[PDB]
>>> print(open('data_24.pdb').read())   # PDB, C-alpha atoms
ATOM      1  CA  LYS L   1      59.651  -2.574  26.150  1.00  0.00           C
ATOM      2  CA  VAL L   2      56.220  -1.853  27.593  1.00  0.00           C
ATOM      3  CA  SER L   3      54.730  -4.528  25.332  1.00  0.00           C
ATOM      4  CA  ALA L   4      57.332  -7.098  26.349  1.00  0.00           C
ATOM      5  CA  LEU L   5      56.547  -6.278  29.986  1.00  0.00           C
ATOM      6  CA  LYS L   6      52.782  -6.626  29.560  1.00  0.00           C
ATOM      7  CA  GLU L   7      53.302 -10.166  28.117  1.00  0.00           C
ATOM      8  CA  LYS L   8      55.649 -11.097  30.946  1.00  0.00           C
ATOM      9  CA  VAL L   9      52.999  -9.964  33.473  1.00  0.00           C
ATOM     10  CA  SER L  10      50.318 -11.871  31.551  1.00  0.00           C
ATOM     11  CA  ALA L  11      52.275 -15.084  31.689  1.00  0.00           C
ATOM     12  CA  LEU L  12      53.036 -14.566  35.372  1.00  0.00           C
ATOM     13  CA  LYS L  13      49.337 -14.037  36.138  1.00  0.00           C
ATOM     14  CA  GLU L  14      48.586 -17.408  34.421  1.00  0.00           C
ATOM     15  CA  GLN L  15      51.396 -19.019  36.463  1.00  0.00           C
ATOM     16  CA  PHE L  16      49.841 -17.592  39.683  1.00  0.00           C
ATOM     17  CA  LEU L  17      46.389 -18.967  38.863  1.00  0.00           C
ATOM     18  CA  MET L  18      47.866 -22.411  38.302  1.00  0.00           C
ATOM     19  CA  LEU L  19      49.830 -22.265  41.615  1.00  0.00           C
ATOM     20  CA  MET L  20      46.693 -21.074  43.494  1.00  0.00           C
ATOM     21  CA  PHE L  21      44.887 -24.131  42.132  1.00  0.00           C
ATOM     22  CA  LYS L  22      47.728 -26.408  43.124  1.00  0.00           C
ATOM     23  CA  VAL L  23      47.895 -24.969  46.685  1.00  0.00           C
ATOM     24  CA  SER L  24      44.090 -25.095  47.182  1.00  0.00           C
ATOM     25  CA  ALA L  25      44.034 -28.728  46.097  1.00  0.00           C
ATOM     26  CA  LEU L  26      46.947 -29.501  48.486  1.00  0.00           C
ATOM     27  CA  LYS L  27      45.228 -27.689  51.381  1.00  0.00           C
ATOM     28  CA  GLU L  28      42.092 -29.822  50.921  1.00  0.00           C
ATOM     29  CA  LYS L  29      44.169 -33.014  50.798  1.00  0.00           C
ATOM     30  CA  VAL L  30      45.941 -32.011  54.064  1.00  0.00           C
ATOM     31  CA  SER L  31      42.565 -31.251  55.713  1.00  0.00           C
ATOM     32  CA  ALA L  32      41.417 -34.751  54.830  1.00  0.00           C
ATOM     33  CA  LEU L  33      44.372 -35.965  56.954  1.00  0.00           C
ATOM     34  CA  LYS L  34      44.047 -33.542  59.842  1.00  0.00           C
ATOM     35  CA  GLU L  35      41.419 -31.067  61.107  1.00  0.00           C
TER      36      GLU L  35
ATOM     37  CA  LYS Z   1      59.101   4.164  35.527  1.00  0.00           C
ATOM     38  CA  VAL Z   2      59.293   1.394  32.945  1.00  0.00           C
ATOM     39  CA  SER Z   3      62.713   0.405  34.291  1.00  0.00           C
ATOM     40  CA  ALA Z   4      61.484   0.335  37.881  1.00  0.00           C
ATOM     41  CA  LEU Z   5      58.599  -1.867  36.726  1.00  0.00           C
ATOM     42  CA  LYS Z   6      60.829  -4.308  34.841  1.00  0.00           C
ATOM     43  CA  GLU Z   7      62.911  -4.833  38.046  1.00  0.00           C
ATOM     44  CA  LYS Z   8      59.785  -5.321  40.134  1.00  0.00           C
ATOM     45  CA  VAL Z   9      58.586  -7.989  37.657  1.00  0.00           C
ATOM     46  CA  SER Z  10      62.040  -9.600  37.685  1.00  0.00           C
ATOM     47  CA  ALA Z  11      62.043  -9.907  41.437  1.00  0.00           C
ATOM     48  CA  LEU Z  12      58.491 -11.248  41.419  1.00  0.00           C
ATOM     49  CA  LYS Z  13      59.427 -13.903  38.845  1.00  0.00           C
ATOM     50  CA  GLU Z  14      62.278 -15.041  41.180  1.00  0.00           C
ATOM     51  CA  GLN Z  15      59.800 -15.097  44.100  1.00  0.00           C
ATOM     52  CA  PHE Z  16      57.424 -17.287  42.006  1.00  0.00           C
ATOM     53  CA  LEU Z  17      60.161 -19.785  41.145  1.00  0.00           C
ATOM     54  CA  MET Z  18      61.039 -20.127  44.816  1.00  0.00           C
ATOM     55  CA  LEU Z  19      57.347 -20.631  45.799  1.00  0.00           C
ATOM     56  CA  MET Z  20      56.891 -23.227  42.999  1.00  0.00           C
ATOM     57  CA  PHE Z  21      59.843 -25.122  44.466  1.00  0.00           C
ATOM     58  CA  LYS Z  22      58.429 -24.878  47.955  1.00  0.00           C
ATOM     59  CA  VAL Z  23      54.960 -26.105  46.844  1.00  0.00           C
ATOM     60  CA  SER Z  24      56.377 -28.991  44.746  1.00  0.00           C
ATOM     61  CA  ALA Z  25      58.466 -30.150  47.691  1.00  0.00           C
ATOM     62  CA  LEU Z  26      55.385 -29.933  49.982  1.00  0.00           C
ATOM     63  CA  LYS Z  27      53.228 -31.864  47.483  1.00  0.00           C
ATOM     64  CA  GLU Z  28      55.766 -34.718  47.419  1.00  0.00           C
ATOM     65  CA  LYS Z  29      55.921 -34.788  51.226  1.00  0.00           C
ATOM     66  CA  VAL Z  30      52.081 -34.984  51.400  1.00  0.00           C
ATOM     67  CA  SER Z  31      52.066 -37.815  48.815  1.00  0.00           C
ATOM     68  CA  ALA Z  32      54.458 -39.754  51.020  1.00  0.00           C
ATOM     69  CA  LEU Z  33      51.717 -39.571  53.696  1.00  0.00           C
ATOM     70  CA  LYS Z  34      48.714 -40.272  51.504  1.00  0.00           C
ATOM     71  CA  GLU Z  35      48.110 -41.564  47.954  1.00  0.00           C
TER      72      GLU Z  35
ATOM     73  CA  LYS V   1      49.479   1.682  29.621  1.00  0.00           C
ATOM     74  CA  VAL V   2      52.404   1.954  32.017  1.00  0.00           C
ATOM     75  CA  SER V   3      50.011   3.001  34.786  1.00  0.00           C
ATOM     76  CA  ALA V   4      47.659   0.102  34.101  1.00  0.00           C
ATOM     77  CA  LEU V   5      50.674  -2.223  34.245  1.00  0.00           C
ATOM     78  CA  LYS V   6      51.963  -0.828  37.542  1.00  0.00           C
ATOM     79  CA  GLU V   7      48.520  -1.512  39.144  1.00  0.00           C
ATOM     80  CA  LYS V   8      48.429  -5.024  37.719  1.00  0.00           C
ATOM     81  CA  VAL V   9      51.888  -5.692  39.229  1.00  0.00           C
ATOM     82  CA  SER V  10      50.763  -4.170  42.537  1.00  0.00           C
ATOM     83  CA  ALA V  11      47.776  -6.452  42.756  1.00  0.00           C
ATOM     84  CA  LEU V  12      49.891  -9.457  41.801  1.00  0.00           C
ATOM     85  CA  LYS V  13      52.423  -8.637  44.533  1.00  0.00           C
ATOM     86  CA  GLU V  14      49.532  -8.606  47.086  1.00  0.00           C
ATOM     87  CA  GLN V  15      48.313 -11.951  45.675  1.00  0.00           C
ATOM     88  CA  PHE V  16      51.856 -13.396  46.111  1.00  0.00           C
ATOM     89  CA  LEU V  17      52.084 -12.272  49.739  1.00  0.00           C
ATOM     90  CA  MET V  18      48.765 -13.938  50.491  1.00  0.00           C
ATOM     91  CA  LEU V  19      49.853 -17.207  48.764  1.00  0.00           C
ATOM     92  CA  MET V  20      53.205 -17.160  50.646  1.00  0.00           C
ATOM     93  CA  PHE V  21      51.224 -16.929  53.884  1.00  0.00           C
ATOM     94  CA  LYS V  22      48.941 -19.744  52.836  1.00  0.00           C
ATOM     95  CA  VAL V  23      51.879 -22.018  51.847  1.00  0.00           C
ATOM     96  CA  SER V  24      53.869 -21.258  55.041  1.00  0.00           C
ATOM     97  CA  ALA V  25      50.841 -22.092  57.166  1.00  0.00           C
ATOM     98  CA  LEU V  26      50.334 -25.352  55.190  1.00  0.00           C
ATOM     99  CA  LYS V  27      54.023 -26.295  55.544  1.00  0.00           C
ATOM    100  CA  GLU V  28      53.805 -25.929  59.341  1.00  0.00           C
ATOM    101  CA  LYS V  29      50.625 -28.027  59.452  1.00  0.00           C
ATOM    102  CA  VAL V  30      52.348 -30.785  57.395  1.00  0.00           C
ATOM    103  CA  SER V  31      55.392 -30.679  59.722  1.00  0.00           C
ATOM    104  CA  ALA V  32      53.082 -31.264  62.666  1.00  0.00           C
ATOM    105  CA  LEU V  33      52.110 -34.532  60.909  1.00  0.00           C
ATOM    106  CA  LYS V  34      55.547 -35.626  59.770  1.00  0.00           C
ATOM    107  CA  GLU V  35      59.166 -34.628  60.509  1.00  0.00           C
TER     108      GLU V  35
END
>>> encode(input="data_24.pdb", output="structure tokens")
Amino acid sequence: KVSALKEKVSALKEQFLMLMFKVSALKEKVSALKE
Amino acid sequence: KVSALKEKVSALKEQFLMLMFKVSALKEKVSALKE
Amino acid sequence: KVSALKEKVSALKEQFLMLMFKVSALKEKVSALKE
């Protein structure tokens, strides 16, 4: 169970990094429209 | 402790799915403003 | 291992809260551009 959990947290950390990239890119695009 | 942790990860995975939906919907709205 | 995992989940929950704030602030900014 602890091993399954560690893999689940690993995959969720990878998901978070990809969503942080997606949100930073969106924030920059919105700043190009409006300061 | 392992059980408490599994529930905490479960709830955080549900949180992530809802934030992915929110960010995809926002990305589409921003693309409607600017390609 | 369980302790390391609990800290990893703690830090990821703090990361999520900060990304939820960032996305809510971006959503409001986009609504100021377009209803």
>>> residues_around(input="data_24.pdb", residues="residue 5 in chain Z", least_positions_apart="2", cutoff="12 Å", atoms="all atoms listed in the file", output="number ranges by chain")
L: 1-2, 4-6, 8-9; Z: 1-3, 7-12; V: 2-10
>>> calpha_fit_and_write(input="data_24.pdb", fixed="chain V", moving="chain Z", output="compact mmCIF listing (two decimals) with C-alpha atoms, in the frame of the given file")
# COMPACT_ATOMS: atom_id res chain seq x y z
CA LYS Z 1 49.48 1.68 29.62
CA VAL Z 2 52.40 1.95 32.02
CA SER Z 3 50.01 3.00 34.79
CA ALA Z 4 47.66 0.10 34.10
CA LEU Z 5 50.67 -2.22 34.25
CA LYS Z 6 51.96 -0.83 37.54
CA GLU Z 7 48.52 -1.51 39.14
CA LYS Z 8 48.43 -5.02 37.72
CA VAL Z 9 51.89 -5.69 39.23
CA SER Z 10 50.76 -4.17 42.54
CA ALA Z 11 47.78 -6.45 42.76
CA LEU Z 12 49.89 -9.46 41.80
CA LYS Z 13 52.42 -8.64 44.53
CA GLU Z 14 49.53 -8.61 47.09
CA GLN Z 15 48.31 -11.95 45.68
CA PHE Z 16 51.86 -13.40 46.11
CA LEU Z 17 52.08 -12.27 49.74
CA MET Z 18 48.76 -13.94 50.49
CA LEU Z 19 49.85 -17.21 48.76
CA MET Z 20 53.21 -17.16 50.65
CA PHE Z 21 51.22 -16.93 53.88
CA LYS Z 22 48.94 -19.74 52.84
CA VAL Z 23 51.88 -22.02 51.85
CA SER Z 24 53.87 -21.26 55.04
CA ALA Z 25 50.84 -22.09 57.17
CA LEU Z 26 50.33 -25.35 55.19
CA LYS Z 27 54.02 -26.30 55.54
CA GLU Z 28 53.80 -25.93 59.34
CA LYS Z 29 50.62 -28.03 59.45
CA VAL Z 30 52.35 -30.79 57.39
CA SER Z 31 55.39 -30.68 59.72
CA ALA Z 32 53.08 -31.26 62.67
CA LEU Z 33 52.11 -34.53 60.91
CA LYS Z 34 55.55 -35.63 59.77
CA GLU Z 35 59.17 -34.63 60.51
>>> resolve_selection(input="data_24.pdb", expression="the PyMOL selection byres ((chain Z and resi 23) around 9)", output="mmCIF file with C-alpha atoms, in the frame of the given file")
data_model
loop_
_atom_site.group_PDB
_atom_site.id
_atom_site.type_symbol
_atom_site.label_atom_id
_atom_site.label_comp_id
_atom_site.auth_asym_id
_atom_site.auth_seq_id
_atom_site.Cartn_x
_atom_site.Cartn_y
_atom_site.Cartn_z
ATOM 1 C CA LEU L 19 49.830 -22.265 41.615
ATOM 2 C CA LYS L 22 47.728 -26.408 43.124
ATOM 3 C CA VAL L 23 47.895 -24.969 46.685
ATOM 4 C CA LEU L 26 46.947 -29.501 48.486
ATOM 5 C CA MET Z 18 61.039 -20.127 44.816
ATOM 6 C CA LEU Z 19 57.347 -20.631 45.799
ATOM 7 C CA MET Z 20 56.891 -23.227 42.999
ATOM 8 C CA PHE Z 21 59.843 -25.122 44.466
ATOM 9 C CA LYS Z 22 58.429 -24.878 47.955
ATOM 10 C CA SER Z 24 56.377 -28.991 44.746
ATOM 11 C CA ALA Z 25 58.466 -30.150 47.691
ATOM 12 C CA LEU Z 26 55.385 -29.933 49.982
ATOM 13 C CA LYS Z 27 53.228 -31.864 47.483
ATOM 14 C CA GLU Z 28 55.766 -34.718 47.419
ATOM 15 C CA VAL V 23 51.879 -22.018 51.847
ATOM 16 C CA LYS V 27 54.023 -26.295 55.544
#
>>> atom_distance(input="data_24.pdb", atom1="CA of residue 13 in chain L", atom2="CA of residue 15 in chain V")
9.8 Å
>>> residues_around(input="data_24.pdb", residues="residue 35 in chain L", least_positions_apart="2", cutoff="12 Å", atoms="all atoms listed in the file", output="JSON list (two decimals) with C-alpha atoms, keeping the file's coordinate frame")
[["chain", "number", "residue", "atom", "x", "y", "z"],
["L", 27, "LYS", "CA", 45.23, -27.69, 51.38],
["L", 28, "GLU", "CA", 42.09, -29.82, 50.92],
["L", 29, "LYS", "CA", 44.17, -33.01, 50.80],
["L", 30, "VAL", "CA", 45.94, -32.01, 54.06],
["L", 31, "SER", "CA", 42.56, -31.25, 55.71],
["L", 32, "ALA", "CA", 41.42, -34.75, 54.83],
["L", 33, "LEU", "CA", 44.37, -35.97, 56.95],
["V", 29, "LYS", "CA", 50.62, -28.03, 59.45],
["V", 30, "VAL", "CA", 52.35, -30.78, 57.40],
["V", 32, "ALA", "CA", 53.08, -31.26, 62.67],
["V", 33, "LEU", "CA", 52.11, -34.53, 60.91]]
>>> build_atoms(input="data_24.pdb", residues="range 3-28 of chain Z", atoms="N, CA and C atoms", output="compact mmCIF listing (two decimals), in the frame of the given file")
# COMPACT_ATOMS: atom_id res chain seq x y z
N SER Z 3 61.59 1.15 33.72
CA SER Z 3 62.71 0.40 34.29
C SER Z 3 62.36 -0.06 35.71
N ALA Z 4 61.78 0.77 36.50
CA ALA Z 4 61.48 0.34 37.88
C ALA Z 4 60.56 -0.88 37.79
N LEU Z 5 59.60 -0.83 36.89
CA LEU Z 5 58.60 -1.87 36.73
C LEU Z 5 59.22 -3.16 36.27
N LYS Z 6 60.14 -3.11 35.31
CA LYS Z 6 60.83 -4.31 34.84
C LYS Z 6 61.56 -4.95 36.03
N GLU Z 7 62.16 -4.23 36.93
CA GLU Z 7 62.91 -4.83 38.05
C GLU Z 7 61.96 -5.47 39.05
N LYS Z 8 60.82 -4.83 39.22
CA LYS Z 8 59.78 -5.32 40.13
C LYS Z 8 59.28 -6.65 39.57
N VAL Z 9 59.06 -6.72 38.26
CA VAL Z 9 58.59 -7.99 37.66
C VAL Z 9 59.69 -9.05 37.73
N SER Z 10 60.94 -8.66 37.53
CA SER Z 10 62.04 -9.60 37.68
C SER Z 10 62.09 -10.24 39.05
N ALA Z 11 61.94 -9.41 40.07
CA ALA Z 11 62.04 -9.91 41.44
C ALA Z 11 60.84 -10.79 41.72
N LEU Z 12 59.67 -10.40 41.22
CA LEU Z 12 58.49 -11.25 41.42
C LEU Z 12 58.64 -12.55 40.66
N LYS Z 13 59.20 -12.60 39.46
CA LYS Z 13 59.43 -13.90 38.84
C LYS Z 13 60.34 -14.82 39.65
N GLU Z 14 61.35 -14.29 40.32
CA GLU Z 14 62.28 -15.04 41.18
C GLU Z 14 61.50 -15.53 42.40
N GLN Z 15 60.69 -14.70 42.99
CA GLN Z 15 59.80 -15.10 44.10
C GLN Z 15 58.93 -16.28 43.65
N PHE Z 16 58.31 -16.22 42.48
CA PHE Z 16 57.42 -17.29 42.01
C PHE Z 16 58.19 -18.59 41.87
N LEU Z 17 59.36 -18.58 41.29
CA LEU Z 17 60.16 -19.78 41.14
C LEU Z 17 60.43 -20.37 42.53
N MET Z 18 60.78 -19.55 43.49
CA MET Z 18 61.04 -20.13 44.82
C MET Z 18 59.76 -20.72 45.45
N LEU Z 19 58.61 -20.10 45.25
CA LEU Z 19 57.35 -20.63 45.80
C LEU Z 19 56.94 -21.88 45.04
N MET Z 20 57.10 -21.99 43.72
CA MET Z 20 56.89 -23.23 43.00
C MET Z 20 57.77 -24.33 43.56
N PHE Z 21 59.03 -24.07 43.88
CA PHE Z 21 59.84 -25.12 44.47
C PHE Z 21 59.27 -25.53 45.83
N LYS Z 22 58.88 -24.60 46.58
CA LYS Z 22 58.43 -24.88 47.96
C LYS Z 22 57.16 -25.71 47.87
N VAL Z 23 56.22 -25.38 47.04
CA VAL Z 23 54.96 -26.10 46.84
C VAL Z 23 55.25 -27.46 46.23
N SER Z 24 56.09 -27.63 45.23
CA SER Z 24 56.38 -28.99 44.75
C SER Z 24 56.98 -29.87 45.84
N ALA Z 25 57.86 -29.32 46.61
CA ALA Z 25 58.47 -30.15 47.69
C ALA Z 25 57.39 -30.54 48.70
N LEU Z 26 56.48 -29.64 49.03
CA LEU Z 26 55.38 -29.93 49.98
C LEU Z 26 54.44 -30.97 49.41
N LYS Z 27 54.11 -30.90 48.15
CA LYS Z 27 53.23 -31.86 47.48
C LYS Z 27 53.83 -33.26 47.57
N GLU Z 28 55.10 -33.40 47.33
CA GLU Z 28 55.77 -34.72 47.42
C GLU Z 28 55.71 -35.24 48.87
